C-alpha cells in the first residue's frame, strides 16, 4: 500500500474536520496507509518553486472550497476543477430518512423530545448579530419550531436572547412558538444524522457547509463572520424569480446584517420550491467524482 501523510494544526474545527474526514476515506475506500499528523488538540488511520505522499518517519521531518480553478494546490471546487463525499453517504442518507423508527431512535438517543408538528431546525454558526431577529421571528410564528443547538459559539447570544441564566448541555426552553434546545458535541457521523433529521440546517465554515449540501434539506450558510455571492451564482440557477429573490435575501441577511425576520418569512412562502431545490443540488453535485478519488487517480497517473 502507498504511504500518505496529512498534517493539520488549527479558529478551531474545520481544519481537523476536513483532514479527519479525508484520512478515513483514503483508508476505507482506497486501501491506503495514511497517518494524520495533527499538530493541535471508524479508523485504521495512524493519527513553491515550479498532504505528503513517499514514506519517511524522521523526527526533523524536513527530510523530504471557495481564482480557485487557477490555484491547483488544494484543488477543491464546485466545477470540473471536487468535494469530500463518501461512496455510501447518499445511500446511507436515504435509508435513514425513509425509516421512521431510525429517525425516532437517534432523536431519542440525544435527549430530544420532538415537538409534534414542529419545524426542526439545526443551527451551528459563529456569533451572528441577527440571531435575535431570527429567534423573534420563530417565536412569533403561528406554527411551532424546535431548534437544536449543539455546544458552540452560538449559545452565548442564545442566552442573551432568552435573558435567563447560562445555558449548557441539556437545557431546553420554550418562548411562544419556538422551543430552544442545547445539544452536546457528538460524533461526526451523528452530526450527519442530525442534518438528515431536521427540515432546515444552518451550518458554517467548510465541512458542515458541504455536509448539509449532501443532506439535501433547505440550508443556510455562515461564512467566517466576498465568497458568499460566488456560491449563490451556481446555487440559485433553477429557482423562479420569487424563490430566487427569497433565497438571496435569506443568505445575505445571515451574513450582512439584514433583517432575519423578513427574509425567513419570505423564504417560507416558497418552501416546496426550496425543498426540491436543495434535493436537486445534492444530486447534481454528487454526479461528479469526489475529492478523495480526485486525489488518488491524479497520483496514479503521476502528473
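Positions refer to the first chain, counted from 1.
query = Does the entry skip any residues of the deposited sequence between residue 47 and residue 48, and if so, is it 1 to 3, 4 to 9, or 10 or more, or none at all?
reply = Gap size class: 10 or more residues without coordinates, per the record.
request  = Check the entry and tell me how many residues of the deposited sequence have no coordinates between residue 10 and residue 11: none, 1 to 3, 4 to 9, or 10 or more.
outcome  = Gap size class: 1 to 3 residues without coordinates, per the record.
inquiry  = Using only C-alpha atoms and the B-factors in the entry, which stretch averages higher, 101-109 or 84-92?
reply    = Between 84-92 and 101-109, it is 101-109 that shows the higher mean C-alpha B-factor.
Between the two ranges 186-194 and 71-79, the one averaging a larger CA B factor in the entry = If you average the C-alpha B-factors of 71-79 and of 186-194, the larger mean comes out for 71-79.
task = Just grab whichever of 225, 177, 147, 219 has the top CA B-factor as deposited.
result = Of 225, 177, 147, 219, 225 has the highest C-alpha B-factor.
request  = Can you pull the Cα B-factors for 164, 199, 142, 207 from the entry and say which is highest?
outcome  = It is 164.
inquiry  = For the chain shown, is the CA B-factor of residue 155 in the lowest, middle or highest third of its modelled residues?
reply    = Highest third of the chain for residue 155's C-alpha B-factor.
inquiry  = Splitting the chain's C-alpha B-factors into thirds, which one does residue 211 fall into?
reply    = Lowest third of the chain for residue 211's C-alpha B-factor.
task = Taking the values exactly as deposited, rank residue 289 by C-alpha B-factor within its chain and report the matching third: lowest, middle or highest.
result = Answer is middle: the recorded C-alpha B-factor places it there.
key: Chain-relative CA temperature factor third for residue 252   = CA B-factor rank for residue 252: highest third.
query = Is the Cα B-factor recorded for residue 118 in the lowest, middle or highest third of its chain?
reply = Its C-alpha B-factor belongs to the lowest third of this chain's values.
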